[PDB]
Amino acid sequence: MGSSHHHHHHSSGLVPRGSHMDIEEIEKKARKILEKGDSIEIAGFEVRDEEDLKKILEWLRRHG
């Protein structure tokens, strides 16, 4: 019932420069490769889809 993994639409994106530094800012650059028809290797992890971007999102964000 509603298997909606898409947590980000990516309409365009303002592409901000936050003091916090969030993967949101990086995802506007990163996903732009994925939607163009290539794969971007983020932090040595080969991201091919915005689904693969969710793994490097959570793993890098949890990496204290």
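Sequence positions in this view are assigned from 1 along each chain in the order the sequence is written. Entry numbering can differ, and residues without coordinates are absent from the display. Side-chain measures here rest on the full set of heavy atoms in the structure, leaving out hydrogens and waters.

As stated in the entry header, the method of structure determination is solution NMR.

The name that the PDB entry assigns to the protein is HEEH mini-protein TK_rd5_0958, with the source organism given as Escherichia coli. The record lists the entry's title as "Solution structure of a model HEEH mini-protein (HEEH_TK_rd5_0958)".

Visitor: Looking at this structure, how should I read the pattern of salt bridges?
Guide: Between side chains of opposite charge, pairing is possible as soon as their charged atoms come close. A pairing counts as a salt bridge when a side-chain nitrogen of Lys or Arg comes within 4 Å of a carboxyl oxygen of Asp or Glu. Taken as a whole, this structure holds 9 salt bridges when the rule is applied. Residues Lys28 and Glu24 are paired through a salt bridge, measuring 2.8 Å at the closest nitrogen-oxygen approach. In this pair, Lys28 and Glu24 both sit in helix α1 (residues 23-36), 4 residues apart, roughly one turn of the helix. Since its relative accessible area comes to 8%, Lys28 is described here as buried. Three labels apply to residues, based on accessible area from a 1.4 Å probe with only protein chains included: buried if under 20% of the type maximum, exposed if over 50%, partly exposed otherwise in between. By relative accessible area, which is 27% here, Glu24 ends up partly exposed. Three or more residues joined by partner-sharing salt bridges are found here, namely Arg31, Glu50, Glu51, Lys54 and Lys55. Runs of H or I in DSSP of at least four residues are treated as helices and runs of E of at least two as strands, each being numbered from the N terminus.

Visitor: What is the right way to look at helix α2 (residues 50-62) in this model?
Guide: It helps to recall that an α-helix has 3.6 residues per turn; residues three or four apart then point in one direction. Expected span of a helix: the number of residues minus one, times 1.5 Å. Compared with an ideal rise of 1.5 Å per residue, which puts 13 residues at 18 Å, α2 spans 18 Å between its outermost C-alpha atoms and is within 8% of the ideal. Packed against the buried residues of α2 are α1, β1 (40-42) and β2 (45-47). Whether two residues are in contact is decided by their heavy atoms: any pair within 4.5 Å suffices.

Visitor: Would you take a moment to explain the side chain of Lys28 for this structure?
Guide: Each polar contact in these results corresponds to two N or O atoms within 3.5 Å; when the atoms are within protein, one needs to be able to donate a hydrogen and the other to accept it, and residues that are neighboring in sequence are counted only if both atoms are side-chain atoms. For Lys28, the side chain forms a polar contact with the side chain of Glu24, separated by 2.8 Å. A polar contact is formed between the side chain of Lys28 and the side chain of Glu27, at a distance of 2.9 Å. Not counting residues up to four positions away in its chain, the partners in contact with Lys28 are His10, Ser12, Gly13 and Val15.

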